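**Q** To start, I am sharing the structure in question, which I have written as structure tokens.
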Amino acid sequence: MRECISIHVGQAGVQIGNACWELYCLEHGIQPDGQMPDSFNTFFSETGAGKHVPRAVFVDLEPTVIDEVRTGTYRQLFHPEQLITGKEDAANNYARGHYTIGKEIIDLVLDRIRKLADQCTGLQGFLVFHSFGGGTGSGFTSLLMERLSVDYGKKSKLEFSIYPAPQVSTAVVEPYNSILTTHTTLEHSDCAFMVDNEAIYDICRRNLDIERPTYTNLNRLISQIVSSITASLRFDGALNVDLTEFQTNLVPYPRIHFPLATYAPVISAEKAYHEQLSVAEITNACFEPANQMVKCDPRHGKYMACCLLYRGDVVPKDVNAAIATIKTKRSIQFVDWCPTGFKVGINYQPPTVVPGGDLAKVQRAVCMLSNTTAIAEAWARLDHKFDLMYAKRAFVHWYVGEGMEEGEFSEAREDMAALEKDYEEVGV
Amino acid sequence: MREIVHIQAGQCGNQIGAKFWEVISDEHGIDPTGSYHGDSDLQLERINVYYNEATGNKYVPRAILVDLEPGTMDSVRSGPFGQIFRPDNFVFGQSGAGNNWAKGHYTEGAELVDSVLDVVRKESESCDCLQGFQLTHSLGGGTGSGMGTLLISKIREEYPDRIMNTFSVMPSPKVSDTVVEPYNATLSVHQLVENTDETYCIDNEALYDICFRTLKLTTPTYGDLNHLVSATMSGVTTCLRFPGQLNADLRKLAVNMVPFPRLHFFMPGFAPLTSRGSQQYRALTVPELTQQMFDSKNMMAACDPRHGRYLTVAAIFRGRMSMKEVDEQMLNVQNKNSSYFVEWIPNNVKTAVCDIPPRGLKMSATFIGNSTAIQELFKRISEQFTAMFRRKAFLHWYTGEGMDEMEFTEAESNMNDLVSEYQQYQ
Ligand SMILES: Nc1nc2c(ncn2[C@@H]2O[C@H](COP(=O)(O)CP(=O)(O)OP(=O)(O)O)[C@@H](O)[C@H]2O)c(=O)[nH]1
Ligand SMILES: Nc1nc2c(ncn2[C@@H]2O[C@H](COP(=O)(O)OP(=O)(O)OP(=O)(O)O)[C@@H](O)[C@H]2O)c(=O)[nH]1
Ligand SMILES: [Mg+2]
Ligand SMILES: [Mg+2]
């Protein structure tokens with residue numbers, strides 16, 4: 001009866017989704033056809049003679065990544081109708097992928113979510129994977145979230161939005177389309193689990209010491225964090241924290257919802273033989289500036305709240321000492337108003353990590369969130385990127401050519417400017 | 001989907017075409033008959049983008065060929081993969097228009113556009129959806145190519161939404177067979193700046209030096225000369241034809257490397273480029289593939305990139321790799337060479353990847369760059385155009401069956417007005 005649905009979008013969601021459902025198909029013990037030789041109810045649906053299909057929907061206007069899925073090994077379980085393919089992508093262009101060509105596809109995708117929402121008994125909410133730099137992965141969501149918000153305003157629409165690094169910005173115009181969406185993110189969604197792609201390279205090159213990562217190795221990591229959030233509503237636990245609880249107690253104000261993510265233990269197999277991976281160890285492996293995957297400096301900021309989603313063989317007694325330990329630390333800090341910001345979710349089931357992946361078969365795992373003020377320094381870089389060229393008005397004639405007027409650019413930045421000031425307001 | 005049509009305007013384009021379609025067809029595992037024979041089932045999933053499925057399990061291209069001379073058409077269908085064409089798309093004319101640009105673009109070609117516009121009007125509407133009208137025309141020298149400026153100025157009336165690429169071969173004084181290259185090349189630019197949304201300014205001057213220095217070849221034969229120009233644009237389109245960890249189309253390269261519509265010229269680059277003996281002594285990694293492209297010598301554009309700073313670039317890598325090596329190297333190059341890149345465009349560089357590299361190479365690459373350095377080429381042609389124009393010469397070929405003298409001033413003015421925009425950014 002506990003239910004939620006995944007909305008993979010753009011090049012990012014699909015590359016994540018082929019590796020995100022790589023996990024669930026191995027958590028429950030189901031072949032990549034769909035058969036399962038309850039927990040699965042939230043993301044599967046028991047249909048036919050032993051064939052469980054995911055409650056996903058994939059939308060990339062590029063027809064290629066889905067054709068890799070429709071031809072790949074997961075061709076069978078994914079329903080071919082919700083594997084939207086489009087005709088031609090928006091070419092990393094927000095205004096193009098919003099209404100010019102996106103309107104051709106929103107009419108279709110909103111039927112499957114209405115098919116699944118009507119088929120699902122009761123949802124805690126949605127979850128939408130996407131990236132800012134994709135343009136069509138981003139501007140489509142600017143149009144999708146408002147349709148789903150009007151269609152479903154009471155439900156919670158969280159998002160694991162990829163975010164470009166200040167150094168490794170793989171695109172050229174993604175300084176534009178990022179802040180254009182964040183004006184739309186706060187309006188409709190309620191928590192944007194931001195993630196950076198350059199940080200994970202620093203996560204994996206050092207902790208699990210991989211010399212050269214692929215997006216596969218990167219994506220197999222960000223599958224565990226999402227599964228760890230949703231294991232409460234999907235598995236048994238001493239202290240279950242389903243999707244509707246932690247979003248309520250993590251977000252103080254209705255606009256300040258941008259928690260950076262974190263996962264632990266992130267270590268190779270050879271290195272895991274050495275550490276016992278105690279709760280005081282891995283919990284302390286979450287707050288250092290390294291293991292965070294958003295490329296910000298948490299020490300300069302201050303946590304408001306946090307939410308620890310333990311897994312595997314875990315008991316509260318040792319984290320009860322841990323949550324007391326960090327409150328002694330002065331390098332780590334907390335805003336004055338929140339005395340205690342540590343939700344503690346447990347699941348007796350271990351991660352059951354993917355095979356062919358860098359991660360190890362640890363019997364313990366942690367996710368972690370924090371609605372900090374340190375995230376403000378992230379887009380303080382990007383807001384400088386956007387502001388210096390919009391004054392020059394470069395790369396804008398494409399957006400103008402697609403329909404979006406110049407006024408939206410000034411309205412998206414000033415909102416992020418006004419959004420930024422709140423972090424100094426709330427901080428003291 | 002995301003179809004693309006491919007035209008040959010001039011004797012250059014066809015020998016480029018016969019190699020353009022000899023790497024691609026062999027990149028899809030194809031014989032001269034047309035029937036697929038490759039072992040990989042992946043390389044057919046978007047064979048449609050160029051070819052059109054015909055009977056007998058035979059795929060064939062949408063290769064439009066125009067020269068105003070049959071002597072070049074005879075070379076194509078007789079050569080290797082000469083059967084892999086549509087004889088309806090082979091087009092002929094009486095005379096080669098005399099290296100004029102006044103005969104083709106106005107008189108002797110305008111009596112032929114109706115025979116090549118209808119077939120692309122046919123063969124563009126024949127398919128589902130398309131991205132652009134790319135071609136291979138010598139901007140100077142042969143006038144069947146400069147005639148293509150008419151062919152490009154009219155598609156803008158038909159398909160203004162789409163983007164017309166131009167794999168244009170520039171002129172150059174160090175290698176100038178044709179005497180009137182400034183006449184036809186300078187005037188053709190008056191249209192491409194207003195019509196085209198992309199342009200890859202290949203130039204034969206440097207393109208020899210890449211063939212001497214990098215490969216150490218005794219003599220550049222045109223057959224062995226275009227195997228790298230067929231590959232420099234196959235690597236542009238491979239991102240469509242094949243699945244990328246990061247994907248891109250001809251429109252993504254446009255919007256992410258065109259700050260302003262007139263500053264849409266480019267200089268390409270391909271790597272790895274090696275001799276036979278000097279191949280085993282290279283690392284075969286992204287740094288080895290990185291410096292092989294950014295270096296001034298490996299640049300088809302006859303310019304010195306050390307002078308003019310790259311506004312924007314793109315690096316369509318190929319072969320399965322790690323993105324970190326593709327990210328940090330493109331990121332390191334942007335920092336140390338801070339002068340060769342621009343301040344007010346952070347992270348100039350793009351990336352793009354595929355999992356199907358070309359045959360023989362386990363890894364490949366490709367480079368694109370919009371830079372201030374192209375002003376050197378435009379100065380180089382306009383500095384001598386005015387010499388040939390001041391104290392007018394050959395103008396009665398351009399007055400008869402041609403244009404007024406004021407047409408030269410408007411083009412030269414708007415062409416010199418263009419170079420100032422590059423000068424604005426250095
Ligand atoms: N990249 C290449 N460029 C070429 C080749 N052959 C010629 N050219 C260039 O083309 C220019 C000469 O024009 P053409 O080759 O198109 C001869 P064409 O029949 O087009 O003359 P017109 O009949 O006057 O149009 C000159 O600048 C040469 O450098 C080639 O095989 N490859
Ligand atoms: N975290 C993560 N990021 C990715 C992955 N694949 C691509 N990206 C990032 O997505 C960002 C924006 O580009 P994309 O979203 O891939 O572009 P796109 O969605 O193909 O854009 P369209 O061509 O319009 O579809 C880039 O900076 C990439 O680093 C992935 O598997 N994981
Ligand atoms: Mg895409
Ligand atoms: Mg000729």
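By order in the structure tokens, chains are A, B, ...; within a chain, residues start at 1; ligands start at 1, following the order shown.
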Would you list the residues that come within 9 Å of ligand 1? Count only C-alpha atoms and all ligand atoms and give the answer as a PyMOL selection string.

**A** chain B and resi 9-16+67-69+71-72+95-101+104+137-147+168-172+175-178+181+202-205+207+221-223+225-226+229

**Q** Could you list, as a CSV table (one decimal) with C-alpha atoms, in the first residue's frame, all the residues within 8 Å of ligand 3, counting only C-alpha atoms and all ligand atoms?

**A**
```
chain,number,residue,atom,x,y,z
A,10,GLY,CA,16.8,13.7,-19.9
A,11,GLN,CA,20.2,12.0,-20.5
A,12,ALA,CA,20.8,12.0,-16.8
A,60,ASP,CA,14.5,11.8,-23.2
A,61,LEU,CA,13.7,13.6,-26.5
A,62,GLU,CA,16.9,12.0,-27.7
A,65,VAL,CA,19.4,6.3,-24.7
A,89,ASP,CA,16.3,16.7,-28.5
A,91,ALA,CA,20.1,20.4,-27.7
A,92,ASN,CA,20.8,21.7,-24.2
A,134,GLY,CA,20.5,18.8,-20.3
A,136,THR,CA,15.5,19.0,-22.4
A,137,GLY,CA,16.3,17.1,-19.2
B,246,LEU,CA,27.0,12.1,-23.2
B,247,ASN,CA,25.1,12.8,-26.4
B,248,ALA,CA,25.0,15.6,-28.9
```

**Q** Quick one: DSSP alpha helix (DSSP H) residues in range 189-307 of chain A, as a short mmCIF file (atom, residue, chain, number, x, y, z; two decimals) with C-alpha atoms, in the first residue's frame?

**A**
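The result, written out as selection-v5.cif:
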```cif
data_model
loop_
_atom_site.label_atom_id
_atom_site.label_comp_id
_atom_site.auth_asym_id
_atom_site.auth_seq_id
_atom_site.Cartn_x
_atom_site.Cartn_y
_atom_site.Cartn_z
CA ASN A 197 29.16 15.31 -10.90
CA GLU A 198 32.69 16.58 -10.22
CA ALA A 199 32.44 15.82 -6.50
CA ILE A 200 31.80 12.11 -7.12
CA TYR A 201 35.04 11.99 -9.10
CA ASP A 202 36.69 13.23 -5.91
CA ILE A 203 34.57 10.80 -3.88
CA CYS A 204 35.59 7.76 -5.90
CA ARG A 205 39.18 8.65 -6.79
CA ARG A 206 40.08 8.86 -3.08
CA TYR A 215 29.20 7.34 -15.37
CA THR A 216 28.34 3.69 -14.72
CA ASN A 217 30.53 3.68 -11.61
CA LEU A 218 29.16 7.14 -10.79
CA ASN A 219 25.54 6.05 -11.33
CA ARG A 220 25.87 2.81 -9.35
CA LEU A 221 26.72 5.05 -6.38
CA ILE A 222 23.73 7.42 -6.59
CA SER A 223 21.45 4.39 -6.81
CA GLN A 224 22.37 3.33 -3.28
CA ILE A 225 21.54 6.74 -1.81
CA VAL A 226 18.06 6.74 -3.34
CA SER A 227 17.36 3.14 -2.33
CA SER A 228 18.57 4.00 1.17
CA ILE A 229 16.05 6.85 1.43
CA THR A 230 13.19 4.65 0.26
CA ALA A 231 14.10 1.45 2.12
CA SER A 232 11.95 2.57 5.06
CA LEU A 233 8.70 2.54 3.10
CA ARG A 234 10.01 -0.46 1.11
CA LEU A 243 9.13 9.52 2.40
CA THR A 244 6.58 11.77 4.12
CA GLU A 245 8.31 11.96 7.51
CA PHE A 246 11.82 13.22 6.82
CA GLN A 247 10.76 15.90 4.34
CA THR A 248 8.49 17.34 7.04
CA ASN A 249 11.15 17.58 9.78
CA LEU A 250 14.11 18.52 7.55
CA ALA A 269 36.32 -4.24 -1.68
CA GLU A 270 40.01 -4.62 -0.83
CA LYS A 271 39.87 -1.66 1.56
CA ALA A 272 36.69 -2.79 3.34
CA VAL A 279 28.43 3.55 13.35
CA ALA A 280 30.61 6.22 14.96
CA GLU A 281 33.04 5.72 12.06
CA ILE A 282 30.71 5.89 9.07
CA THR A 283 28.55 8.58 10.67
CA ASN A 284 31.73 10.62 11.07
#
```

**Q** Quick one: which chain A residues come within 6 Å of chain B, and what is the nearest atom pair for each with the distance in Å to one decimal, counting only C-alpha atoms, rows ordered by chain and ascending number, as a tab-separated table?

**A**
```
residue	atom	partner	partner_atom	distance
A:87	CA	B:1	CA	5.9
A:88	CA	B:2	CA	5.8
A:91	CA	B:252	CA	4.3
A:170	CA	B:350	CA	5.5
A:171	CA	B:350	CA	5.3
A:172	CA	B:256	CA	5.4
A:212	CA	B:322	CA	5.5
A:213	CA	B:322	CA	5.3
A:214	CA	B:322	CA	4.6
A:394	CA	B:259	CA	5.0
A:395	CA	B:259	CA	4.5
```

**Q** Between A:124, A:64, A:328, A:76, which has the minimum distance to residue 3 in chain A (counting only C-alpha atoms)?

**A**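 Ranking A:124, A:64, A:328, A:76 by distance to residue 3 in chain A, first place goes to A:124.
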
**Q** Considering only strand (DSSP E) as DSSP defines it on the backbone, what residues of range 64-202 of chain A qualify? List them as a PDB file with N, CA and C atoms, in the first residue's frame.

**A**
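Contents of the output file result-v4.pdb:
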```pdb
ATOM      1  N   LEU A  83       8.402   4.200 -22.042  1.00  0.00           N
ATOM      2  CA  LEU A  83       9.731   4.475 -22.583  1.00  0.00           C
ATOM      3  C   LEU A  83       9.603   5.449 -23.754  1.00  0.00           C
ATOM      4  N   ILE A  84       9.232   6.686 -23.418  1.00  0.00           N
ATOM      5  CA  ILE A  84       9.145   7.736 -24.424  1.00  0.00           C
ATOM      6  C   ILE A  84      10.515   7.949 -25.055  1.00  0.00           C
ATOM      7  N   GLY A 122      -2.110   4.406  -2.785  1.00  0.00           N
ATOM      8  CA  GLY A 122      -1.805   5.671  -2.150  1.00  0.00           C
ATOM      9  C   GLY A 122      -0.328   5.989  -2.193  1.00  0.00           C
ATOM     10  N   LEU A 123       0.008   7.148  -2.748  1.00  0.00           N
ATOM     11  CA  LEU A 123       1.388   7.563  -2.936  1.00  0.00           C
ATOM     12  C   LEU A 123       1.827   8.464  -1.792  1.00  0.00           C
ATOM     13  N   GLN A 124       3.045   8.235  -1.298  1.00  0.00           N
ATOM     14  CA  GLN A 124       3.685   9.248  -0.471  1.00  0.00           C
ATOM     15  C   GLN A 124       4.149  10.423  -1.317  1.00  0.00           C
ATOM     16  N   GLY A 125       4.449  10.181  -2.587  1.00  0.00           N
ATOM     17  CA  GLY A 125       4.869  11.248  -3.467  1.00  0.00           C
ATOM     18  C   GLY A 125       5.491  10.693  -4.733  1.00  0.00           C
ATOM     19  N   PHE A 126       6.149  11.588  -5.458  1.00  0.00           N
ATOM     20  CA  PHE A 126       6.898  11.274  -6.664  1.00  0.00           C
ATOM     21  C   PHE A 126       8.388  11.361  -6.373  1.00  0.00           C
ATOM     22  N   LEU A 127       9.180  10.955  -7.361  1.00  0.00           N
ATOM     23  CA  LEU A 127      10.602  11.255  -7.384  1.00  0.00           C
ATOM     24  C   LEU A 127      11.018  11.366  -8.841  1.00  0.00           C
ATOM     25  N   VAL A 128      11.715  12.448  -9.175  1.00  0.00           N
ATOM     26  CA  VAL A 128      12.055  12.782 -10.553  1.00  0.00           C
ATOM     27  C   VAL A 128      13.560  13.004 -10.635  1.00  0.00           C
ATOM     28  N   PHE A 129      14.240  12.156 -11.398  1.00  0.00           N
ATOM     29  CA  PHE A 129      15.662  12.326 -11.656  1.00  0.00           C
ATOM     30  C   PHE A 129      15.845  13.186 -12.893  1.00  0.00           C
ATOM     31  N   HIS A 130      16.741  14.158 -12.807  1.00  0.00           N
ATOM     32  CA  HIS A 130      17.063  14.950 -13.981  1.00  0.00           C
ATOM     33  C   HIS A 130      18.365  15.695 -13.745  1.00  0.00           C
ATOM     34  N   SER A 131      18.773  16.446 -14.762  1.00  0.00           N
ATOM     35  CA  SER A 131      19.954  17.289 -14.720  1.00  0.00           C
ATOM     36  C   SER A 131      19.604  18.664 -15.256  1.00  0.00           C
ATOM     37  N   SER A 156       4.044  14.834  -2.750  1.00  0.00           N
ATOM     38  CA  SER A 156       5.383  15.392  -2.639  1.00  0.00           C
ATOM     39  C   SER A 156       6.198  14.988  -3.855  1.00  0.00           C
ATOM     40  N   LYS A 157       6.859  15.962  -4.469  1.00  0.00           N
ATOM     41  CA  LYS A 157       7.612  15.757  -5.701  1.00  0.00           C
ATOM     42  C   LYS A 157       9.060  16.128  -5.414  1.00  0.00           C
ATOM     43  N   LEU A 158       9.811  15.162  -4.902  1.00  0.00           N
ATOM     44  CA  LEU A 158      11.230  15.348  -4.674  1.00  0.00           C
ATOM     45  C   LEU A 158      11.993  15.090  -5.964  1.00  0.00           C
ATOM     46  N   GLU A 159      13.248  15.529  -5.994  1.00  0.00           N
ATOM     47  CA  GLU A 159      14.044  15.418  -7.206  1.00  0.00           C
ATOM     48  C   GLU A 159      15.522  15.337  -6.866  1.00  0.00           C
ATOM     49  N   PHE A 160      16.205  14.379  -7.486  1.00  0.00           N
ATOM     50  CA  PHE A 160      17.652  14.231  -7.359  1.00  0.00           C
ATOM     51  C   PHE A 160      18.331  14.901  -8.552  1.00  0.00           C
ATOM     52  N   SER A 161      18.258  16.227  -8.544  1.00  0.00           N
ATOM     53  CA  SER A 161      18.738  17.016  -9.665  1.00  0.00           C
ATOM     54  C   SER A 161      20.258  17.061  -9.687  1.00  0.00           C
ATOM     55  N   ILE A 162      20.841  16.633 -10.805  1.00  0.00           N
ATOM     56  CA  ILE A 162      22.265  16.827 -11.019  1.00  0.00           C
ATOM     57  C   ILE A 162      22.533  18.320 -11.180  1.00  0.00           C
ATOM     58  N   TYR A 163      23.743  18.741 -10.804  1.00  0.00           N
ATOM     59  CA  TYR A 163      24.102  20.143 -10.694  1.00  0.00           C
ATOM     60  C   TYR A 163      25.527  20.302 -11.219  1.00  0.00           C
ATOM     61  N   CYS A 191      11.655  19.419  -2.098  1.00  0.00           N
ATOM     62  CA  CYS A 191      13.030  19.146  -1.689  1.00  0.00           C
ATOM     63  C   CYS A 191      13.824  18.711  -2.909  1.00  0.00           C
ATOM     64  N   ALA A 192      14.876  19.461  -3.225  1.00  0.00           N
ATOM     65  CA  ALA A 192      15.712  19.226  -4.396  1.00  0.00           C
ATOM     66  C   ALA A 192      17.032  18.645  -3.912  1.00  0.00           C
ATOM     67  N   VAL A 195      22.933  17.235  -6.482  1.00  0.00           N
ATOM     68  CA  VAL A 195      24.137  16.418  -6.578  1.00  0.00           C
ATOM     69  C   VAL A 195      25.036  17.016  -7.646  1.00  0.00           C
ATOM     70  N   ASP A 196      26.339  16.991  -7.389  1.00  0.00           N
ATOM     71  CA  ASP A 196      27.344  17.444  -8.334  1.00  0.00           C
ATOM     72  C   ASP A 196      28.077  16.248  -8.924  1.00  0.00           C
TER      73      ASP A 196
END
```

**Q** Pick out the residues sitting within 12 Å of residue 381 in chain B, and hand them over as a PyMOL selection string; count only C-alpha atoms, and ignore anything fewer than 5 positions along from it in its own chain.

**A** chain B and resi 139-140+170-174+176+180-187+189+302+374-376+386-389+412+415-416+419

**Q** Compare B:262, B:105, B:297, B:359 by their minimum atom-to-atom distance to residue 422 in chain B, counting only C-alpha atoms, and give me the closest one.

**A** B:262

**Q** Pick the closest to ligand 2 from B:353, B:18, B:231, B:365: which is it, counting only C-alpha atoms and all ligand atoms?

**A**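 Nearest to ligand 2: B:353.
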
**Q** Could you give me, as a VMD selection string, the residues within 7 Å of residue 311 in chain B, counting only C-alpha atoms and dropping anything in the same chain fewer than 5 positions from it?

**A** chain B and resid 341 to 342 348 370 to 372

**Q** I'd like the contact shell of residue 377 in chain A - 10 Å cut-off, only C-alpha atoms, skipping same-chain residues fewer than 4 positions apart - returned as a ChimeraX atom specification.

**A** /A:295-298,300-301,373,381-383,420

**Q** Create the file for the chosen residues now, containing C-alpha atoms and written as a PDB file, in the first residue's frame.

**A**
```pdb
ATOM      1  CA  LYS A 295      31.157  20.511  -4.016  1.00  0.00           C
ATOM      2  CA  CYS A 296      30.573  22.925  -1.158  1.00  0.00           C
ATOM      3  CA  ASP A 297      32.357  23.791   2.085  1.00  0.00           C
ATOM      4  CA  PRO A 298      30.106  22.656   4.979  1.00  0.00           C
ATOM      5  CA  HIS A 300      31.954  27.498   6.492  1.00  0.00           C
ATOM      6  CA  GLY A 301      28.214  26.828   6.729  1.00  0.00           C
ATOM      7  CA  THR A 373      23.637  27.304   4.421  1.00  0.00           C
ATOM      8  CA  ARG A 381      29.734  30.482  -8.482  1.00  0.00           C
ATOM      9  CA  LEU A 382      27.037  29.814 -11.077  1.00  0.00           C
ATOM     10  CA  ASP A 383      25.221  33.082 -10.386  1.00  0.00           C
ATOM     11  CA  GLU A 420      20.460  33.333  -1.462  1.00  0.00           C
TER      12      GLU A 420
END
```
